[PDB]
Amino acid sequence: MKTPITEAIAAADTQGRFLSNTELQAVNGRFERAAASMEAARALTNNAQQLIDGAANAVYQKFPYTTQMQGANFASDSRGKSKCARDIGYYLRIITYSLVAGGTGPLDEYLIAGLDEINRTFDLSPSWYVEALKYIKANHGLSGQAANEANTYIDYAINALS
Amino acid sequence: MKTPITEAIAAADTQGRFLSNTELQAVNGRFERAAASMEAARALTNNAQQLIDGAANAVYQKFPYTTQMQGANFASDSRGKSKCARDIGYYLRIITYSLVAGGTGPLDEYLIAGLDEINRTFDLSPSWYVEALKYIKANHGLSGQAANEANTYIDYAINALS
Amino acid sequence: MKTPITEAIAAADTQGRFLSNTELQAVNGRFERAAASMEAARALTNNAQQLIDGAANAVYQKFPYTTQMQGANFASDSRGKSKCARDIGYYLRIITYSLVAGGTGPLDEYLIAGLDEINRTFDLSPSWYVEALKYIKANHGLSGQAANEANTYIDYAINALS
Amino acid sequence: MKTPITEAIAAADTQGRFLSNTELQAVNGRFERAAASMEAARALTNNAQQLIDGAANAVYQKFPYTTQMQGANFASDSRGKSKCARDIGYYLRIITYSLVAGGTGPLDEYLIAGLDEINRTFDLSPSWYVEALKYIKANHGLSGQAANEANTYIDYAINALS
Amino acid sequence: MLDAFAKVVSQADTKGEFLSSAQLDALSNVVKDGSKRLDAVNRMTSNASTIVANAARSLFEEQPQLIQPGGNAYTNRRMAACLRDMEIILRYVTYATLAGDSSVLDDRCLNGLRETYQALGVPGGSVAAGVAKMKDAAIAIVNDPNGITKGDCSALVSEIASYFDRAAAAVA
Amino acid sequence: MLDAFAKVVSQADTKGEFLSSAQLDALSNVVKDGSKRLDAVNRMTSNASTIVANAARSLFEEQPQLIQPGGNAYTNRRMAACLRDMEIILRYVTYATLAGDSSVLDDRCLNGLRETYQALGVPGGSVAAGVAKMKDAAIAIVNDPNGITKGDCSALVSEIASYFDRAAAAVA
Amino acid sequence: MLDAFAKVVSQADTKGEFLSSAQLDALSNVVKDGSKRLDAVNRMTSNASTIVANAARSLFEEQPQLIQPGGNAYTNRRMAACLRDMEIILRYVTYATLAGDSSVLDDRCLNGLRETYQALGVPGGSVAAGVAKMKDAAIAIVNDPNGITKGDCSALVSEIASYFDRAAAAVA
Amino acid sequence: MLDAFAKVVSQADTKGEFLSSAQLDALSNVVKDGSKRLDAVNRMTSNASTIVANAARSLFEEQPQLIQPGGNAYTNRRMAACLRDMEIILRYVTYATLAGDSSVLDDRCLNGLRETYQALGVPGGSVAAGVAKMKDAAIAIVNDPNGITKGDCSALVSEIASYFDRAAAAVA
Ligand SMILES: *[C@@H](C)[C@H]1/C(=C/c2[nH]c(/C=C3N=C(/C=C4\NC(=O)C(CC)=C4C)C(C)=C\3CCC(=O)O)c(CCC(=O)O)c2C)NC(=O)[C@@H]1C
Ligand SMILES: *[C@@H](C)[C@H]1/C(=C/c2[nH]c(/C=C3N=C(/C=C4\NC(=O)C(CC)=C4C)C(C)=C\3CCC(=O)O)c(CCC(=O)O)c2C)NC(=O)[C@@H]1C
Ligand SMILES: *[C@@H](C)[C@H]1/C(=C/c2[nH]c(/C=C3N=C(/C=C4\NC(=O)C(CC)=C4C)C(C)=C\3CCC(=O)O)c(CCC(=O)O)c2C)NC(=O)[C@@H]1C
Ligand SMILES: *[C@@H](C)[C@H]1/C(=C/c2[nH]c(/C=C3N=C(/C=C4\NC(=O)C(CC)=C4C)C(C)=C\3CCC(=O)O)c(CCC(=O)O)c2C)NC(=O)[C@@H]1C
Ligand SMILES: *[C@@H](C)[C@H]1/C(=C/c2[nH]c(/C=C3N=C(/C=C4\NC(=O)C(CC)=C4C)C(C)=C\3CCC(=O)O)c(CCC(=O)O)c2C)NC(=O)[C@@H]1C
Ligand SMILES: *[C@@H](C)[C@H]1/C(=C/c2[nH]c(/C=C3N=C(/C=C4\NC(=O)C(CC)=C4C)C(C)=C\3CCC(=O)O)c(CCC(=O)O)c2C)NC(=O)[C@@H]1C
Ligand SMILES: *[C@H](C)[C@H]1/C(=C/c2[nH]c(/C=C3N=C(/C=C4\NC(=O)C(CC)=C4C)C(C)=C\3CCC(=O)O)c(CCC(=O)O)c2C)NC(=O)[C@@H]1C
Ligand SMILES: *[C@H](C)[C@H]1/C(=C/c2[nH]c(/C=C3N=C(/C=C4\NC(=O)C(CC)=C4C)C(C)=C\3CCC(=O)O)c(CCC(=O)O)c2C)NC(=O)[C@@H]1C
Ligand SMILES: CCC1=C(C)/C(=C/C2=NC(=C\c3[nH]c(/C=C4\NC(=O)[C@H](C)[C@H]4CC)c(C)c3CCC(=O)O)/C(CCC(=O)O)=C2C)NC1=O
Ligand SMILES: CCC1=C(C)/C(=C/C2=NC(=C\c3[nH]c(/C=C4\NC(=O)[C@H](C)[C@H]4CC)c(C)c3CCC(=O)O)/C(CCC(=O)O)=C2C)NC1=O
Ligand SMILES: CCC1=C(C)/C(=C/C2=NC(=C\c3[nH]c(/C=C4\NC(=O)[C@H](C)[C@H]4CC)c(C)c3CCC(=O)O)/C(CCC(=O)O)=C2C)NC1=O
Ligand SMILES: CCC1=C(C)/C(=C/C2=NC(=C\c3[nH]c(/C=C4\NC(=O)[C@H](C)[C@H]4CC)c(C)c3CCC(=O)O)/C(CCC(=O)O)=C2C)NC1=O
């Protein structure tokens with residue numbers, strides 16, 4: 001996995017040397033930000049079901065037709081709503097993965113890769129998930145740097161869908 | 001020049017992209033360590049003359065022949081004493097450069113390059129300067145991470161001579 | 001092994017020819033100088049222990065701290081002094097090897113290769129061994145061309161440490 | 001040009017370094033052999049005319065048809081005798097060049113190159129000149145290593161014709 | 001390339017003297033405001049598309065022939081190329097902002113840009129106008145006091161605006 | 001390779017689970033001990049020469065046949081190669097310490113190493129003894145209470161000892 | 001390249017005549033002094049660093065702006081380059097000394113050197129001064145009567161000084 | 001490869017010993033016989049043609065089927081190849097003689113040679129006989145007391161005979 005620590009170590013190893021003072025400063029920066037990172041991850045993991053259901057409802061209100069039109073790709077019945085909550089949970093879970101790891105590695109490998117083909121095949125509009133992420137961003141309740149970390153990784157998720 | 005900030009910027013520019021959160025974390029590590037780095041630079045610059053003279057006298061006390069034997073490469077007379085003080089001043093000046101820059105760049109560029117041939121040609125033993133830097137390390141009056149930074153770059157100079 | 005004779009033979013063999021008059025003249029030069037070479041080697045091998053102990057004592061007087069400071073790399077006890085005499089004996093033995101062979105081959109392969117890492121790792125200052133070699137050079141008691149041969153190979157040893 | 005001294009210097013210059021002790025030994029071999037080489041050169045130059053005339057007469061005595069058969073390539077008349085004396089003079093002159101230079105360089109460069117086509121075109125048998133050089137070898141009046149050197153380069157000329 | 005520390009160290013090495021207390025104080029102030037600097041860089045990069053959009057909207061409002069038939073930004077090709085240009089220039093400005101020095105922006109982005117644009121027929125004056133509007137949008141976003149700790153970022157804003165005007169003057 | 005966070009995240013992804021409060025708290029403890037972890041890594045790299053020296057000294061005292069004629073570390077070439085191996089294993093231990101996971105040590109250093117030594121004729125047991133003595137010297141340098149804010153580093157020390165023992169068990 | 005023997009042989013081959021007794025006598029004297037010549041070459045190469053150091057010390061004493069800020073030999077880079085230059089020129093002088101002919105020094109070292117130095121901004125006059133000081137130091141070391149057999153080396157010293165002045169005149 | 005000095009030095013290095021007075025005196029004897037050794041090498045190379053000729057003559061008298069139709073040395077190609085092999089073995093013997101050690105002869109000539117001959121169909125026993133006859137001719141040329149300062153060369157002669165017998169035993 002790509003993490004700041006693993007990248008530092010791989011840079012040291014390519015040149016066959018010990019870790020320099022610069023790489024130690026970089027890993028120190030990762031550790032310093034990791035307090036906010038883990039705070040945001042713990043918050044998003046505790047409020048998991050609340051945020052998932054709130055984001056699903058946000059998508060439903062913002063796009064009313066997803067609760068009305070018949071079709072397997074919409075959420076007009078219980079199966080669709082379960083699938084939609086499950087998808088939003090996937091997104092949020094991998095975002096917590098990234099927050100824990102400290103980089104976009106988990107999002108790049110576990111979510112974004114192949115996402116466009118999944119969405120095109122099953123006719124899932126990316127703007128639905130953009131709205132879900134926007135709700136999660138506006139309602140995690142975090143403040144300060146934990147909020148900023150959660151926001152950067154949610155935004156990274158948003159840019160993949162855009 | 002090779003600073004952590006310039007290295008992060010060059011990494012981002014090679015991939016023709018904006019700065020990533022990993023790189024911003026690394027630059028923040030540099031900024032958080034820069035407080036101690038700048039305190040150490042300020043201290044070593046303010047007490048520059050005391051440190052230079054004390055290091056020269058430590059070298060003399062440890063290797064007494066340098067004050068006794070005749071020959072241009074020794075400190076038996078005033079010209080030799082002044083040349084040695086100038087040399088230790090060059091070492092300390094460039095170490096403060098490196099503390100300011102936050103990396104080994106200035107030490108790699110302004111001191112260590114060609115140092116071996118310089119010392120071989122004028123018959124200057126590297127162990128003299130090793131002892132001078134050991135004195136400077138033992139007498140800079142810094143405590144904590146400022147002392148840790150000063151000793152990091154002083155030991156970097158020591159290993160370039162060994 | 002690289003010797004003048006082996007180099008002559010390898011030059012003859014690369015071109016698939018017999019030895020030319022020029023190569024015979026070169027090998028004659030080696031043989032002519034080999035009288036002084038073997039004289040110096042025999043002298044340095046007979047006076048082995050005397051020269052080893054004298055050089056150790058020269059290093060101790062020139063660098064008094066090596067008999068006072070505690071530490072495994074110094075000679076403040078019996079173990080350190082035994083190790084130091086052993087090292088100086090290694091140097092002198094390989095120098096006699098070179099004198100016998102007629103070239104720097106033995107010094108390059110049996111001593112100099114890896115010497116810098118050995119000295120850096122165990123904190124053995126090369127200037128100690130430079131002083132030991134200087135004593136051996138000033139006190140072999142040889143005269144004329146045997147002295148000159150011993151001096152060239154001792155100096156070659158000195159340059160490796162510088 | 002290709003002399004032992006120039007070859008040693010070129011070897012040192014290819015590696016961008018000062019001259020080594022091996023190369024100085026080889027150049028000393030050249031200098032020690034140069035006494036005999038110069039004695040042989042001096043002798044062959046002083047007795048040049050006697051040696052040339054004696055060699056021509058030896059060729060005539062061994063191959064009598066060269067004095068009897070008509071044709072421009074023979075020595076039946078005065079023009080042929082003079083051409084043959086001039087040729088043997090060229091051979092001896094260049095052999096003295098080689099003794100002076102200390103290598104086969106002048107013989108390789110001034111005589112042997114193109115010699116085969118010259119002799120083929122003007123129908124000159126190489127065995128004539130072989131016999132002339134055998135006479136010169138048998139009648140130079142040198143003893144010891146000067147004779148050894150003279151015979152070395154004369155046999156070198158002999159093998160270029162065989 | 002150079003950052004602030006590297007520029008000062010180069011100028012001190014070329015004179016052969018220690019850093020004066022003035023230079024030490026200036027670089028220590030840079031260190032103290034480092035968190036504000038990271039905030040500026042983060043806000044400018046994570047809002048880059050919004051900055052480009054605002055600048056382009058203003059530029060096309062006051063120079064509408066740009067998006068009209070025959071205009072130098074009419075077709076999808078030329079529109080996307082103009083947006084790429086503005087995002088490139090903003091990216092190099094964020095580089096200079098992180099470095100605290102304009103050397104990267106001058107050497108890797110601005111040097112020779114006016115010649116490129118005039119060889120391409122791209123009107124450099126309107127490019128400079130778009131850069132100035134990028135400056136306005138970026139400074140608006142950076143100075144936004146919501147979601148952040150209250151503090152004075154006037155020096156940083158002035159430095160960023162100096163970078164933006166340096167970019168606009170290199171093609172105007 | 002993996003660090004601690006990456007290992008936990010990979011195991012979570014395989015099960016399709018959010019991290020449990022166990023894993024969250026463990027990684028939070030890693031984050032709060034990060035400064036001491038950096039201290040351990042810095043102290044091991046800055047004194048790598050002395051660690052190798054003390055370990056090799058103790059080993060050669062214990063097994064003097066190693067540095068006598070015929071020994072496997074007798075000539076200058078063999079001695080320098082042995083010290084090189086010592087510093088290599090130490091460097092990968094420092095990697096694992098910074099990462100908080102032994103993946104880099106196993107994959108990039110320990111794997112196939114016993115076979116390499118048995119093919120070269122190097123006594124793997126002696127290498128393991130030297131690795132243990134490196135462990136002792138490195139722990140002595142890490143726990144040295146001078147010049148450092150006093151605290152408990154026993155968890156990091158046990159982790160580092162585990163990395164060293166893993167390295168030693170891979171060649172014995 | 002040429003040595004003394006080769007130069008004489010080339011000039012005699014171009015005229016097509018045997019060596020006169022004068023040329024034979026000159027080359028035989030070269031052979032007789034060959035051991036002195038080897039002594040000069042050996043002393044100049046094995047004391048090369050001392051020769052360069054003495055010359056540089058004198059040169060910087062009389063032209064101190066060379067080692068002062070802004071001087072052409074101030075920084076570690078330019079200092080090491082100046083020392084490399086002096087060691088190179090001394091090496092080619094030792095080549096010519098072993099050859100007994102300046103052809104190698106002219107063709108491989110001096111030809112085009114003034115153009116190089118003036119294109120680089122290296123002051124050729126001070127280079128020539130440093131070469132002359134190298135000459136003084138080298139001749140001092142060669143003529144040292146200790147550790148050697150007493151004898152006249154005035155001709156050899158004059159030849160070496162001619163090489164040194166040829167080098168100094170090629171850049172002055 | 002090795003010469004005598006190199007073999008003694010390698011064996012000394014393996015044991016970590018100074019040379020014993022035995023080895024010192026042996027190598028001093030080599031040095032004092034150096035002139036006669038050079039004489040042997042020069043006499044063998046300068047008369048390599050006659051050595052090969054005498055050996056081949058004696059061999060072809062002894063084994064006339066070699067140079068009759070169907071013989072293994074009958075055609076011009078086979079004859080020239082046989083003389084080439086003779087001169088090759090002689091050249092490597094001269095190498096070994098100059099070196100005072102047979103290493104070059106074994107490693108660069110004798111190794112795998114019996115297999116090469118048995119694969120080519122060349123009678124190895126006949127090659128060995130020719131090598132012995134080369135030995136006889138070469139010793140006759142070396143011990144010829146004319147034109148040389150009289151002395152004892154019996155040690156060198158036995159050494160050269162040992163090299164020749166080693167060459168012969170490698171193909172029979
Ligand atoms: C909007 C800002 C204005 C404008 C823009 C426009 N630009 C181009 C084409 C090019 N732009 C560049 C610029 C750069 N390339 C780099 O690598 C860098 C920095 C390192 C810069 C600053 C270049 C090189 C080109 C030509 C090659 C290319 O297109 O990639 C165009 C396209 C012009 C055309 O297609 O003919 C346009 C339209 N257009 C406007 O109307 C605005 C004034
Ligand atoms: C002017 C632009 C506005 C302003 C700036 C400002 N920022 C801070 C304090 C902090 N900013 C950060 C952000 C980061 N730290 C990092 O390492 C990284 C890289 C990932 C980032 C993006 C942090 C962590 C802090 C400290 C924590 C905190 O909440 O304070 C301040 C506070 C003063 C200071 O310098 O510490 C200020 C003033 N604030 C405004 O109101 C301006 C509009
Ligand atoms: C265990 C090895 C010993 C120990 C550790 C210890 N250290 C600290 C406090 C700090 N350590 C650092 C280290 C770094 N910051 C960096 O950026 C880098 C790389 C360039 C390093 C190596 C820092 C900054 C601090 C805070 C300032 C300070 O000096 O206190 C502590 C206390 C704080 C904490 O644990 O979080 C401890 C316990 N102390 C011992 O007694 C052990 C022998
Ligand atoms: C001290 C003697 C003076 C001086 C020296 C100086 N020289 C250079 C840089 C160069 N020197 C050379 C010379 C040679 N290269 C060769 O191969 C040979 C012979 C075969 C010679 C004579 C060259 C080619 C260069 C340029 C390339 C390089 O550096 O290798 C410098 C460096 C100049 C710079 O860095 O800008 C210096 C300083 N400086 C003084 O102050 C003395 C007057
Ligand atoms: C003028 C430079 C000083 C001087 C020269 C001088 N040298 C010798 C004699 C010898 N010099 C050597 C040195 C070597 N011979 C070699 O083959 C090699 C290459 C490895 C070297 C370095 C030798 C061997 C001799 C002969 C032995 C001896 O000790 O004499 C002399 C003696 C006269 C002569 O030409 O033979 C002289 C005069 N002596 C001085 O006093 C000048 C200061
Ligand atoms: C044994 C083969 C026969 C023999 C040998 C012998 N030779 C000499 C004396 C000298 N031999 C040389 C030879 C060379 N010097 C070189 O530089 C070269 C290569 C270019 C060679 C081949 C020299 C210079 C001498 C000294 C001058 C002289 O002619 O005497 C000796 C006597 C001296 C000694 O042994 O050291 C001997 C015994 N003599 C025989 O009777 C053997 C048949
Ligand atoms: C909710 C925002 C809207 C929506 C939801 C919805 N999704 C699906 C079916 C699928 N969703 C996925 C997505 C993923 N699977 C993965 O492994 C990953 C990476 C972590 C992702 C992003 C997939 C693959 C499917 C199809 C296969 C499956 O069921 O797992 C559906 C069902 C559509 C169907 O045809 O079955 C629905 C309804 N629809 C809405 O109206 C919501 C607004
Ligand atoms: C004496 C000049 C000073 C000194 C001596 C000293 N040396 C050592 C330990 C070692 N010395 C070596 C050197 C070599 N071993 C080789 O094989 C070769 C090539 C021939 C060399 C040059 C090595 C490898 C060691 C360490 C392993 C060993 O003991 O063999 C010590 C002991 C240091 C230690 O930590 O054990 C000492 C004391 N110290 C002084 O103060 C003298 C002035
Ligand atoms: C920053 C890059 C740089 C370095 C490193 C440097 C070092 C340096 N020190 C020198 C001289 C010297 N250095 C010393 C110092 C010493 N002798 C003793 O006995 C003392 C123990 C010891 C002090 C530690 C002395 C005595 C000299 C004069 C030697 C001479 O003039 O030959 C010289 C010869 C030229 C000169 O006089 O300036 C150089 C180049 N110059 C540079 O530009
Ligand atoms: C150094 C390089 C060199 C060589 C080698 C050389 C040889 C040489 N000898 C020639 C003629 C000759 N050489 C001879 C000599 C001989 N005929 C006999 O019967 C004698 C036995 C024998 C003497 C050994 C004769 C007779 C000629 C004249 C043949 C003719 O004119 O066709 C010619 C024809 C051109 C001329 O007349 O000069 C050449 C080129 N010239 C050179 O520049
Ligand atoms: C990145 C991972 C990596 C590892 C792990 C590594 C180890 C390694 N050590 C080697 C040699 C060696 N290793 C040793 C070490 C020892 N001898 C002793 O007596 C001691 C027990 C011990 C020192 C503690 C020696 C002596 C050799 C040379 C073997 C020989 O030359 O015969 C070799 C092959 C020959 C060589 O390179 O010199 C390898 C590949 N190289 C790598 O790239
Ligand atoms: C540097 C080491 C080296 C060696 C030793 C060597 C020997 C050698 N001799 C060969 C052939 C040969 N060698 C001989 C020699 C002999 N026939 C007889 O009747 C005699 C007993 C004897 C002569 C004394 C012959 C006849 C051939 C050619 C075989 C054929 O064409 O059928 C060949 C292969 C074919 C060829 O090259 O022509 C080799 C490799 N080449 C090398 O490079």
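Quick note: structure is the one above.
Residues numbered from 1 in each chain as written, not as in the entry; some residues may be left out. Chains lettered and ligands numbered in written order. Part of a larger assembly, values for the part shown. Heavy atoms only, no water.

Caption draft 1: The overall build of chain E, seen in detail. Counting its regular elements, chain E contains nine helices and zero strands. Seen in sequence order, chain E has helices and strands lined up from the N terminus as α-α-α-α-α-α-α-α-α. The dimensions of chain E, computed from C-alpha atoms along their principal axes, are 60 × 40 × 20 Å. Residues classed as buried in chain E amount to 48% of the 172 residues present. Carbon and sulfur atoms provide 50% of the accessible area of chain E, an area that totals close to 8,100 Å². Between the averaged position of the 17 positive side-chain charges in chain E and that of its 19 negative side-chain charges there is a distance of 5 Å. (Helix = DSSP H or I, 4+ residues; strand = E, 2+ residues; numbered from the N terminus. Buried < 20%, exposed > 50% of the residue type's maximum accessible area, 1.4 Å probe, protein only. Areas by Shrake-Rupley, 256 points an atom, 1.4 Å probe, with all protein chains shown as cover. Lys, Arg positive; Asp, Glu negative; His and termini not counted. Charge placed at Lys NZ, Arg CZ, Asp CG, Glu CD.)

Caption draft 2: Region of interest: the interface of chain F and chain A. Each side of the interface is counted separately: chain F has 37 residues, and chain A has 32 residues. Regarding the contact of chain F and chain A, the summed buried area is about 3,100 Å², with carbon and sulfur atoms giving 72% of it. If you look at where chain F meets chain A, you find three salt bridges. Between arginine 108 of chain F and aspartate 13 of chain A there is a salt bridge; the shortest N-O distance is 3.0 Å. Scanning the region where chain F abuts chain A turns up 14 residue pairs in polar contact. Looking at the side of chain F that touches chain A, the elements that each hand over two or more residues are α1 (4-15), α2 (21-32), α3 (34-46), α5 (76-99) and α6 (103-110) of chain F. No other element matches α5 of chain F, which puts eight residues into the side of chain F that touches chain A. Class assignment of the residues belonging to the side of chain F that touches chain A gives a composition of 21 nonpolar, eight polar and eight charged. (Contact = heavy atoms within 4.5 Å. Buried area = accessible area lost by both parts, 1.4 Å probe. Salt bridge = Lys/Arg side-chain N within 4 Å of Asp/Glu carboxyl O. Polar contact = N/O pair within 3.5 Å; in protein donor to acceptor, adjacent residues only side chain to side chain. Nonpolar A, V, L, I, M, F, W, Y, C, P; charged D, E, K, R; others polar.)

Caption draft 3: Focus on the site of ligand 2. Taken together, 17 residues lie near ligand 2, and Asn28 of chain B together with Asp39, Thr149, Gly151 and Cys153 of chain E sit nearest. Neighbouring residues of ligand 2 are distributed over chains A, B and E. A distance of 2.3 Å separates a nitrogen atom of ligand 2 from a polar backbone atom of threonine 149 of chain E. One of the backbone N or O atoms of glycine 151 of chain E is found 3.2 Å from an oxygen atom in ligand 2. Within the complex, the protein chains bury 81% of what would otherwise be the 870 Å² of accessible surface of ligand 2. (Near = heavy atom within 4 Å.)

Caption draft 4: Broad picture of the site of ligand 11. Residue and element names in this part refer to chain F. The local shell around ligand 11 holds 15 residues, among which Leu66, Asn72, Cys82, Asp85 and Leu120 are the closest. Taking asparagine 72, its side chain carries an N or O atom lying 3.2 Å from a nitrogen atom of ligand 11. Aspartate 85 places a side-chain nitrogen or oxygen 2.6 Å from a nitrogen atom of ligand 11. Counting residues per element, the shell around ligand 11 draws most heavily on α5, at seven residues. Split by residue class, the shell around ligand 11 holds 11 nonpolar, two polar and two charged.

Caption draft 5: Just the arrangement of the chains, in detail. A gap remains between chain A and chain G, with no contact made and the closest C-alpha atoms lying 24 Å from each other. The closest approach of any C-alpha atom in chain E to one in chain H is 51 Å; the two make no contact.

Caption draft 6: View of the pattern of salt bridges. Here the structure, examined in full by the defined rule, presents 61 salt bridges over all chains. For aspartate 101 of chain E, the salt bridge is made with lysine 7 of chain E, and the minimal N-O distance between the two is 3.9 Å. Taken together, the positions of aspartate 101 of chain E in the loop between α5 (76-99) and α6 (103-110) and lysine 7 of chain E in helix α1 (residues 4-15) put the pair 94 residues apart, joining distant regions of the chain. The class of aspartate 101 of chain E is buried, set by a relative accessible area of 9%. Via salt bridges that share partners, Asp13 of chain A together with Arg91 and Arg108 of chain F belong to a single interconnected network.

Caption draft 7: View of the packing of aromatic side chains. A complete count under the given rule lists 32 aromatic pairs over all chains for this structure. Ring geometry for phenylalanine 63 of chain B against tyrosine 65 of chain C: centres 5.8 Å apart, planes inclined by 90°, an arrangement best described as edge-to-face. Here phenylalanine 63 of chain B, found in the loop between α3 (48-62) and α4 (65-68), pairs with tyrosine 65 of chain C, found in the loop between α3 (48-62) and α4 (78-101), and the two come from separate chains. Owing to a relative accessible area of 11%, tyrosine 65 of chain C belongs among the buried residues under this scheme. Taken together, the aromatic side chains of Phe63, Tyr65, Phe74 and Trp128 of chain B together with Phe63, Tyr65, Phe74 and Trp128 of chain C make up a single cluster linked through ring pairs. (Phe/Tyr/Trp six-rings, centres within 6.5 Å; stacked < 30°, edge-to-face > 60°.)

Caption draft 8: Broad picture of the nonpolar core. One finds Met134 of chain E, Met134 of chain F, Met134 of chain G together with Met134 of chain H to be the most contacted residues of the largest nonpolar core, which totals 450 residues. Excluding its chain neighbours within four sequence positions, the residues that come into contact with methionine 134 of chain G are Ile51, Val52, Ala55, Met86, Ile89, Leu90 and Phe164 of chain G. Among the nonpolar cores identified, the runner-up in size contains six residues, and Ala56, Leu59, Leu66 and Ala73 of chain H belong to it. (Core = buried A, V, L, I, M, F, W, Y, C linked by side-chain atoms within 4.5 Å.)

Caption draft 9: Just the environment of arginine 120 of chain C, in detail. Along the chain, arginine 120 of chain C falls in helix α6 (residues 115-122). Judged by relative accessible area, which is 25%, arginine 120 of chain C ranks as partly exposed. Those residues in contact with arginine 120 of chain C that sit more than four places away from it in its chain are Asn159 and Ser162 of chain B together with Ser49 and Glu87 of chain F. Only 3.3 Å separates the side chain of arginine 120 of chain C from the side chain of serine 49 of chain F, close enough to count as a polar contact.

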